[PDB]
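Novice: Following this message is one structure expressed as structure tokens.
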Amino acid sequence: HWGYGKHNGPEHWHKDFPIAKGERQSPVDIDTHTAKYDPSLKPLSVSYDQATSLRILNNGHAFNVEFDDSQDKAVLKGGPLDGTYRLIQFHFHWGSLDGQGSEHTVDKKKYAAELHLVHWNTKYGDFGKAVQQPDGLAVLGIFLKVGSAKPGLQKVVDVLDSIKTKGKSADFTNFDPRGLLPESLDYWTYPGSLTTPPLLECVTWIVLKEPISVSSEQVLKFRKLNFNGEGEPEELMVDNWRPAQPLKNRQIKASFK
């Protein structure tokens with residue numbers, strides 16, 4: 001099945017998922033000189049005070065921090081969005097080395113990692129219905145650079161030993177995603193897709209300009225995870241990023257001057 005290797009990685013995905021070659025694929029390179037400031041864009045509203053994390057999962061690609069999305073508890077609104085988008089999960093993409101790992105790039109710069117906070121449009125009732133709609137999802141993307149530790153990440157890092165291999169999960173309650181956000185909510189936005197199969201073209205991307213800092217030790221713990229299941233040949237979970245895809249007929253807009 002799909003993955004990140006030589007035989008199953010991104011260049012192969014189109015054979016099982018032909019939208020991989022579609023008109024609105026993600027990620028993309030953000031050319032900061034050509035992204036236009038759009039004064040009609042609103043501030044983003046991130047309301048995570050009542051978020052209820054439940055569980056962390058190793059799905060064999062990344063790890064997912066899952067939320068209770070059965071009410072309006074953790075919502076994204078504003079920005080480029082019409083209506084209300086509910087947080088369902090977050091996950092990361094990262095590299096084997098600090099010089100790669102992000103999916104989006106900024107003037108071709110790759111960050112060490114990228115965090116995706118995934119939210120679905122409440123007007124479609126559930127996540128599975130939302131992904132079938134062009135405005136079904138809003139994903140908040142946040143770059144990670146290596147420097148000072150991010151204290152709000154350490155609880156995640158802590159737990160990874162318990163979910164080393166594919167198919168392992170653990171209780172992960174009371175985790176506050178606010179501790180993963182940068183100071184500024186300035187962003188770029190464009191229409192795109194999920195960055196893993198099924199690659200559905202259902203996402204309004206909101207990519208924050210300001211990266212977070214994490215420590216080398218934090219990232220090194222991500223790189224000890226495994227893509228394999230228990231008791232299978234070890235293959236370190238690294239380089240689980242899709243490269244930039246063609247922008248095609250899209251505009252990237254900036255919330256800031």
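By convention here, the chains of the structure tokens are called A, B, ... in the order presented, each chain's residues are numbered starting at 1, and ligands are numbered starting at 1 in the order presented.
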Excluding residue 152 in chain A and its own-chain neighbours fewer than 4 positions away, which residues fall within 12 Å of it when counting only C-alpha atoms? Please give them as JSON, numbers by chain.

Specialist: {"A": [148, 156, 157, 158, 175, 176, 177, 178, 179, 180, 181, 182, 212, 213, 214, 215, 218]}

Novice: Save the residues we just selected, N, CA and C atoms, as a short mmCIF file (atom, residue, chain, number, x, y, z; two decimals), in the first residue's frame?

Specialist:
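Okay, selection_39.cif is ready:
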```cif
data_model
loop_
_atom_site.label_atom_id
_atom_site.label_comp_id
_atom_site.auth_asym_id
_atom_site.auth_seq_id
_atom_site.Cartn_x
_atom_site.Cartn_y
_atom_site.Cartn_z
N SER A 148 15.04 26.49 20.07
CA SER A 148 14.56 26.31 21.41
C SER A 148 13.42 25.31 21.46
N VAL A 156 3.41 15.55 23.88
CA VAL A 156 3.35 14.70 22.70
C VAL A 156 4.59 13.83 22.58
N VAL A 157 5.73 14.45 22.63
CA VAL A 157 7.04 13.77 22.52
C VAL A 157 7.15 12.64 23.50
N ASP A 158 6.82 13.01 24.78
CA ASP A 158 6.73 12.05 25.99
C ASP A 158 6.12 10.67 25.56
N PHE A 175 -4.90 17.30 26.29
CA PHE A 175 -3.81 18.02 25.63
C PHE A 175 -4.32 19.26 24.91
N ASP A 176 -3.65 20.37 25.20
CA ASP A 176 -4.10 21.66 24.73
C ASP A 176 -3.35 22.08 23.47
N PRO A 177 -4.00 22.04 22.30
CA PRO A 177 -3.28 22.42 21.05
C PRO A 177 -2.87 23.88 20.98
N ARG A 178 -3.40 24.73 21.83
CA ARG A 178 -2.91 26.11 21.82
C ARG A 178 -1.44 26.22 22.04
N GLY A 179 -0.89 25.25 22.78
CA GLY A 179 0.53 25.31 23.03
C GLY A 179 1.40 24.98 21.85
N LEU A 180 0.79 24.73 20.69
CA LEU A 180 1.55 24.47 19.47
C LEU A 180 1.52 25.67 18.49
N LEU A 181 0.86 26.75 18.85
CA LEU A 181 0.71 27.86 17.93
C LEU A 181 1.83 28.92 18.10
N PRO A 182 2.17 29.59 17.05
CA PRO A 182 3.18 30.66 17.12
C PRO A 182 2.42 31.90 17.66
N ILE A 212 7.03 27.70 14.48
CA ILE A 212 7.36 27.44 15.87
C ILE A 212 8.75 26.91 15.94
N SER A 213 9.36 27.07 17.10
CA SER A 213 10.65 26.43 17.41
C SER A 213 10.42 25.20 18.24
N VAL A 214 11.12 24.14 17.84
CA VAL A 214 11.22 22.91 18.65
C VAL A 214 12.67 22.58 18.83
N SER A 215 12.98 21.76 19.86
CA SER A 215 14.39 21.46 20.06
C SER A 215 14.81 20.27 19.17
N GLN A 218 13.50 17.17 20.66
CA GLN A 218 12.09 16.87 20.36
C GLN A 218 11.94 16.21 18.97
#
```

Novice: So that each row is one residue of range 152-245 of chain A with an atom at most 12 Å from range 15-28 of chain A, can you give its shortest atom pair and the distance in Å to one decimal, using only C-alpha atoms, rows by chain and rising number, as CSV?

Specialist:
```
residue,atom,partner,partner_atom,distance
A:188,CA,A:28,CA,11.5
A:189,CA,A:28,CA,11.0
A:190,CA,A:24,CA,9.2
A:191,CA,A:24,CA,6.6
A:192,CA,A:24,CA,4.7
A:193,CA,A:25,CA,5.0
A:194,CA,A:26,CA,6.6
A:195,CA,A:26,CA,5.6
A:196,CA,A:26,CA,9.1
A:197,CA,A:17,CA,6.9
A:198,CA,A:17,CA,6.3
A:199,CA,A:20,CA,6.2
A:200,CA,A:19,CA,7.3
A:201,CA,A:24,CA,6.2
A:202,CA,A:24,CA,9.0
A:203,CA,A:26,CA,9.0
A:204,CA,A:26,CA,10.3
A:205,CA,A:26,CA,8.8
A:206,CA,A:27,CA,11.4
A:207,CA,A:27,CA,10.4
A:241,CA,A:27,CA,9.3
A:242,CA,A:27,CA,7.1
A:243,CA,A:27,CA,6.7
A:244,CA,A:28,CA,4.3
A:245,CA,A:28,CA,5.2
```

Novice: Could the residues in this selection be saved with N, CA, C and O atoms as a compact mmCIF listing (two decimals), in the first residue's frame?

Specialist:
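Result file is selection_17.txt:
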```
# COMPACT_ATOMS: atom_id res chain seq x y z
N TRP A 188 -0.78 32.66 4.83
CA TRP A 188 -1.09 32.53 3.43
C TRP A 188 -2.24 31.54 3.25
O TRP A 188 -2.40 30.61 4.06
N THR A 189 -3.04 31.70 2.20
CA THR A 189 -4.11 30.80 1.94
C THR A 189 -4.25 30.49 0.44
O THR A 189 -4.02 31.35 -0.40
N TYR A 190 -4.67 29.25 0.15
CA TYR A 190 -4.91 28.84 -1.21
C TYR A 190 -5.81 27.60 -1.18
O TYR A 190 -5.84 26.88 -0.16
N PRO A 191 -6.46 27.26 -2.30
CA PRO A 191 -7.28 26.02 -2.36
C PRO A 191 -6.46 24.83 -2.74
O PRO A 191 -5.70 24.90 -3.71
N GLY A 192 -6.54 23.73 -2.01
CA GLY A 192 -5.77 22.55 -2.31
C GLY A 192 -6.42 21.30 -1.85
O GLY A 192 -7.61 21.09 -1.94
N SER A 193 -5.53 20.36 -1.42
CA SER A 193 -5.91 18.97 -1.22
C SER A 193 -5.36 18.41 0.07
O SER A 193 -4.49 18.97 0.70
N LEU A 194 -5.85 17.21 0.42
CA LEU A 194 -5.13 16.40 1.38
C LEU A 194 -3.76 16.06 0.78
O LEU A 194 -3.63 15.94 -0.43
N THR A 195 -2.78 15.96 1.66
CA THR A 195 -1.42 15.68 1.20
C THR A 195 -1.02 14.22 1.28
O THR A 195 0.09 13.85 0.92
N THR A 196 -1.95 13.38 1.75
CA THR A 196 -1.83 11.93 1.73
C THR A 196 -3.01 11.41 0.97
O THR A 196 -4.08 11.99 0.90
N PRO A 197 -2.83 10.15 0.39
CA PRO A 197 -4.00 9.48 -0.18
C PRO A 197 -5.21 9.49 0.79
O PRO A 197 -4.97 9.28 1.98
N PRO A 198 -6.41 9.79 0.34
CA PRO A 198 -6.83 9.82 -1.06
C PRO A 198 -6.63 11.13 -1.81
O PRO A 198 -7.13 11.23 -2.94
N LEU A 199 -5.91 12.09 -1.24
CA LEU A 199 -5.51 13.28 -2.03
C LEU A 199 -6.67 14.14 -2.47
O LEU A 199 -6.58 14.90 -3.45
N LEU A 200 -7.79 14.07 -1.75
CA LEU A 200 -9.00 14.73 -2.17
C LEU A 200 -8.85 16.22 -2.15
O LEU A 200 -8.23 16.82 -1.28
N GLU A 201 -9.48 16.88 -3.15
CA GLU A 201 -9.32 18.30 -3.39
C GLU A 201 -10.44 19.06 -2.65
O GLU A 201 -11.36 19.65 -3.22
N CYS A 202 -10.31 19.03 -1.32
CA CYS A 202 -11.35 19.51 -0.40
C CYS A 202 -10.85 20.47 0.63
O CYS A 202 -11.60 20.71 1.57
N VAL A 203 -9.66 21.01 0.48
CA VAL A 203 -9.05 21.76 1.58
C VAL A 203 -8.85 23.22 1.20
O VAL A 203 -8.27 23.57 0.17
N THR A 204 -9.29 24.11 2.14
CA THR A 204 -8.76 25.48 2.17
C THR A 204 -7.55 25.45 3.08
O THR A 204 -7.67 25.20 4.29
N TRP A 205 -6.38 25.68 2.49
CA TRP A 205 -5.14 25.74 3.26
C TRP A 205 -4.94 27.08 3.86
O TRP A 205 -5.11 28.12 3.21
N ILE A 206 -4.51 27.08 5.14
CA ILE A 206 -4.17 28.31 5.88
C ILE A 206 -2.78 27.99 6.46
O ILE A 206 -2.71 27.20 7.41
N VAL A 207 -1.74 28.58 5.90
CA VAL A 207 -0.35 28.29 6.30
C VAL A 207 0.18 29.50 7.03
O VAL A 207 0.25 30.58 6.48
N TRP A 241 6.91 13.21 4.13
CA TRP A 241 6.40 14.45 3.49
C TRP A 241 6.23 14.23 2.01
O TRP A 241 7.10 13.65 1.36
N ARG A 242 5.17 14.79 1.44
CA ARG A 242 4.95 14.90 0.01
C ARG A 242 5.63 16.18 -0.43
O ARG A 242 5.47 17.25 0.17
N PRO A 243 6.38 16.14 -1.54
CA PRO A 243 6.99 17.36 -2.09
C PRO A 243 5.95 18.31 -2.72
O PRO A 243 4.81 17.96 -2.97
N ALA A 244 6.41 19.57 -2.93
CA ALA A 244 5.58 20.56 -3.57
C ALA A 244 5.06 20.12 -4.90
O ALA A 244 5.81 19.52 -5.72
N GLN A 245 3.79 20.43 -5.22
CA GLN A 245 3.11 20.07 -6.44
C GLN A 245 2.88 21.30 -7.27
O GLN A 245 2.92 22.46 -6.76
```

Novice: Interatomic distance between CA of residue 146 in chain A and CA of residue 51 in chain A?

Specialist: 26.9 Å

Novice: Using only C-alpha atoms, determine which residues lie at most 7 Å from range 78-95 of chain A, disregarding the query and same-chain residues fewer than 5 positions distant; provide the list as a compact mmCIF listing (two decimals) with N, CA, C and O atoms, in the first residue's frame.

Specialist:
```txt
# COMPACT_ATOMS: atom_id res chain seq x y z
N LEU A 41 -9.25 39.70 3.36
CA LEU A 41 -9.09 38.55 4.25
C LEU A 41 -9.21 38.97 5.68
O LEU A 41 -8.74 40.02 6.05
N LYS A 42 -9.86 38.17 6.52
CA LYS A 42 -10.04 38.46 7.93
C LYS A 42 -9.01 37.77 8.68
O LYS A 42 -8.19 36.89 8.29
N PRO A 43 -8.89 38.31 9.97
CA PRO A 43 -8.10 37.59 10.98
C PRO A 43 -8.65 36.25 11.16
O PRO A 43 -9.81 36.03 11.17
N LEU A 44 -7.73 35.31 11.42
CA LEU A 44 -8.17 33.99 11.70
C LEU A 44 -8.70 33.92 13.16
O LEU A 44 -8.10 34.50 14.04
N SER A 45 -9.77 33.16 13.36
CA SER A 45 -10.26 32.90 14.73
C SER A 45 -10.02 31.42 15.02
O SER A 45 -10.64 30.51 14.41
N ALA A 62 2.25 8.58 10.04
CA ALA A 62 2.55 9.61 11.01
C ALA A 62 1.91 9.25 12.36
O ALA A 62 1.46 8.06 12.47
N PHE A 63 1.81 10.17 13.28
CA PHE A 63 0.95 9.96 14.42
C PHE A 63 -0.13 11.04 14.45
O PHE A 63 0.13 12.18 14.12
N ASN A 64 -1.33 10.62 14.77
CA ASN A 64 -2.44 11.50 14.84
C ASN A 64 -2.92 11.81 16.27
O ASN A 64 -3.13 10.82 17.06
N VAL A 65 -3.00 13.01 16.74
CA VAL A 65 -3.61 13.42 17.99
C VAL A 65 -5.12 13.73 17.71
O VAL A 65 -5.41 14.64 16.88
N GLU A 66 -6.00 12.93 18.24
CA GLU A 66 -7.45 12.91 17.85
C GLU A 66 -8.25 13.65 18.88
O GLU A 66 -7.93 13.57 20.16
N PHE A 67 -9.29 14.30 18.38
CA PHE A 67 -10.16 15.08 19.20
C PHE A 67 -11.58 14.63 19.17
O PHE A 67 -12.04 14.01 18.19
N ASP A 68 -12.32 14.92 20.21
CA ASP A 68 -13.78 14.76 20.19
C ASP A 68 -14.36 15.85 19.35
O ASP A 68 -14.39 17.05 19.76
N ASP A 69 -14.91 15.49 18.21
CA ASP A 69 -15.53 16.41 17.26
C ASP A 69 -17.06 16.26 17.22
O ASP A 69 -17.65 16.50 16.20
N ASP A 72 -19.30 21.57 18.91
CA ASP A 72 -18.44 22.75 18.57
C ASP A 72 -17.70 23.04 19.83
O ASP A 72 -18.17 23.71 20.81
N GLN A 100 15.05 19.19 5.94
CA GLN A 100 13.90 18.79 5.18
C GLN A 100 12.85 18.29 6.15
O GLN A 100 13.14 17.97 7.31
N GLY A 101 11.63 18.15 5.62
CA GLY A 101 10.54 17.63 6.43
C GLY A 101 9.22 18.28 6.22
O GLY A 101 8.19 17.69 6.35
N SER A 102 9.22 19.61 5.92
CA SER A 102 7.97 20.28 5.65
C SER A 102 7.43 19.87 4.25
O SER A 102 8.16 19.42 3.38
N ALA A 112 12.09 21.95 9.05
CA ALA A 112 12.37 20.63 9.64
C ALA A 112 11.11 19.79 9.75
O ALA A 112 11.19 18.55 9.78
N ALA A 113 9.98 20.41 9.88
CA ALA A 113 8.73 19.69 10.05
C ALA A 113 7.59 20.63 9.79
O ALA A 113 7.75 21.84 9.66
N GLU A 114 6.38 20.07 9.72
CA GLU A 114 5.17 20.85 9.52
C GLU A 114 4.03 20.15 10.27
O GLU A 114 3.85 18.92 10.15
N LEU A 115 3.27 20.93 10.98
CA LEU A 115 2.12 20.51 11.74
C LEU A 115 0.85 20.90 10.95
O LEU A 115 0.71 22.02 10.45
N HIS A 116 -0.07 19.94 10.86
CA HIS A 116 -1.37 20.12 10.22
C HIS A 116 -2.45 19.92 11.25
O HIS A 116 -2.60 18.82 11.81
N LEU A 117 -3.25 20.95 11.51
CA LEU A 117 -4.45 20.89 12.31
C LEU A 117 -5.63 20.85 11.38
O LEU A 117 -5.88 21.80 10.62
N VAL A 118 -6.34 19.72 11.37
CA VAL A 118 -7.35 19.41 10.40
C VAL A 118 -8.73 19.66 10.95
O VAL A 118 -9.07 19.14 12.02
N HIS A 119 -9.55 20.43 10.22
CA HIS A 119 -10.85 20.81 10.63
C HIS A 119 -11.85 20.60 9.51
O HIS A 119 -11.53 20.84 8.35
N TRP A 120 -13.08 20.15 9.85
CA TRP A 120 -14.11 19.93 8.85
C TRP A 120 -15.30 20.89 8.99
O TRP A 120 -15.69 21.31 10.11
N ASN A 121 -15.88 21.25 7.84
CA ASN A 121 -16.96 22.20 7.77
C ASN A 121 -18.26 21.61 8.31
O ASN A 121 -18.77 20.65 7.80
N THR A 122 -18.77 22.28 9.36
CA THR A 122 -19.89 21.74 10.06
C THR A 122 -21.14 21.66 9.20
O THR A 122 -22.08 20.95 9.53
N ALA A 138 -10.64 22.70 6.41
CA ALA A 138 -9.67 23.80 6.55
C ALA A 138 -8.53 23.22 7.32
O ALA A 138 -8.74 22.66 8.42
N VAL A 238 10.64 8.53 9.06
CA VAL A 238 11.27 9.81 8.70
C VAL A 238 10.93 10.07 7.24
O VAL A 238 10.66 9.15 6.45
N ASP A 239 11.01 11.37 6.87
CA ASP A 239 10.75 11.78 5.50
C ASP A 239 9.34 11.36 5.04
O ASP A 239 9.13 10.92 3.90
N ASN A 240 8.37 11.61 5.91
CA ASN A 240 6.97 11.32 5.62
C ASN A 240 6.24 12.57 5.12
O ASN A 240 5.15 12.89 5.53
N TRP A 241 6.91 13.21 4.13
CA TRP A 241 6.40 14.45 3.49
C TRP A 241 6.23 14.23 2.01
O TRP A 241 7.10 13.65 1.36
```

Novice: Could you tell me how far CA of residue 48 in chain A lies from CA of residue 73 in chain A, in Å and to one decimal?

Specialist: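 Computing the Euclidean distance for CA of residue 48 in chain A and CA of residue 73 in chain A yields 7.1 Å.
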
Novice: Using only C-alpha atoms, find the one residue out of A:108, A:224, A:164, A:150 that sits nearest to residue 31 in chain A.

Specialist: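 Going through A:108, A:224, A:164, A:150 one by one, the smallest distance to residue 31 in chain A is for A:108.
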
Novice: Among range 52-190 of chain A, which residues does DSSP mark as strand (DSSP E) when it is run on the backbone? Keep the chain and numbering as in the structure and answer as a count of residues only.

Specialist: 53

Novice: I'd like the interatomic distance between CA of residue 32 in chain A and CA of residue 140 in chain A, to a tenth of an Å.

Specialist: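 Separating CA of residue 32 in chain A from CA of residue 140 in chain A is a distance of 18.0 Å.
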
Novice: Check the smallest atom-to-atom distance from each of A:228, A:173, A:165, A:70 to residue 126 in chain A using only C-alpha atoms, then report the winner.

Specialist: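 Among A:228, A:173, A:165, A:70, it is A:70 that comes nearest to residue 126 in chain A.
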
Novice: Counting only C-alpha atoms, which residues of range 149-197 of chain A sit at most 12 Å from some atom of range 229-237 of chain A, and what is each one's closest atom pair with its distance in Å to one decimal, listed by chain and rising residue number, as CSV?

Specialist:
```
residue,atom,partner,partner_atom,distance
A:160,CA,A:237,CA,11.7
A:162,CA,A:230,CA,11.7
A:163,CA,A:230,CA,9.9
A:164,CA,A:230,CA,8.2
A:165,CA,A:229,CA,4.8
A:166,CA,A:229,CA,4.5
A:167,CA,A:229,CA,6.7
A:168,CA,A:229,CA,8.4
```

Novice: From a DSSP calculation on the backbone, collect every residue of range 10-144 of chain A in helix (DSSP H, G or I) and output the set as a list in words.

Specialist: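 Of range 10-144 of chain A, only residues 10, 11, 12, 13, 14, 15, 16, 18, 19, 20, 21, 122, 123, 124, 127, 128, 129 and 130 of chain A fall in helix (DSSP H, G or I).
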
Novice: What would the file look like if the residues just selected were written as a tab-separated table (two decimals), in the first residue's frame with C-alpha atoms?

Specialist:
```
chain	number	residue	atom	x	y	z
A	10	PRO	CA	4.75	10.10	-3.69
A	11	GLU	CA	5.74	9.57	-7.35
A	12	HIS	CA	3.79	6.25	-7.25
A	13	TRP	CA	0.58	7.53	-5.70
A	14	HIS	CA	-1.04	8.58	-8.95
A	15	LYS	CA	-1.49	4.91	-10.01
A	16	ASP	CA	-3.93	4.22	-7.21
A	18	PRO	CA	-5.16	9.57	-10.17
A	19	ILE	CA	-6.14	12.94	-8.60
A	20	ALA	CA	-2.56	13.04	-7.52
A	21	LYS	CA	-2.09	14.81	-10.92
A	122	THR	CA	-19.89	21.74	10.06
A	123	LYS	CA	-22.34	22.37	7.27
A	124	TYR	CA	-21.60	18.85	5.96
A	127	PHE	CA	-15.74	14.44	8.23
A	128	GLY	CA	-16.42	11.72	5.61
A	129	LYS	CA	-19.11	13.89	3.95
A	130	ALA	CA	-16.89	17.00	4.22
```

Novice: With only C-alpha atoms as the basis for distance, which of A:251, A:219, A:125, A:74 is at the shortest distance from residue 97 in chain A?

Specialist: A:219

Novice: In terms of the shortest atom-to-atom distance over only C-alpha atoms, which of A:227, A:187, A:137, A:2 is closest to residue 257 in chain A?

Specialist: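 Ranking A:227, A:187, A:137, A:2 by distance to residue 257 in chain A, first place goes to A:187.
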
Novice: Within 8 Å of residue 256 in chain A, counting only C-alpha atoms, which residues qualify if same-chain residues fewer than 5 places away don't, as JSON, numbers by chain?

Specialist: {"A": [37, 38, 39, 186, 187]}

Novice: Which residues are near residue 36 in chain A? Cut-off 7 Å, only C-alpha atoms, ignore same chain within fewer than 5 positions. Put them as a list in words.

Specialist: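 Here the qualifying residues turn out to be residues 252, 253 and 254 of chain A.
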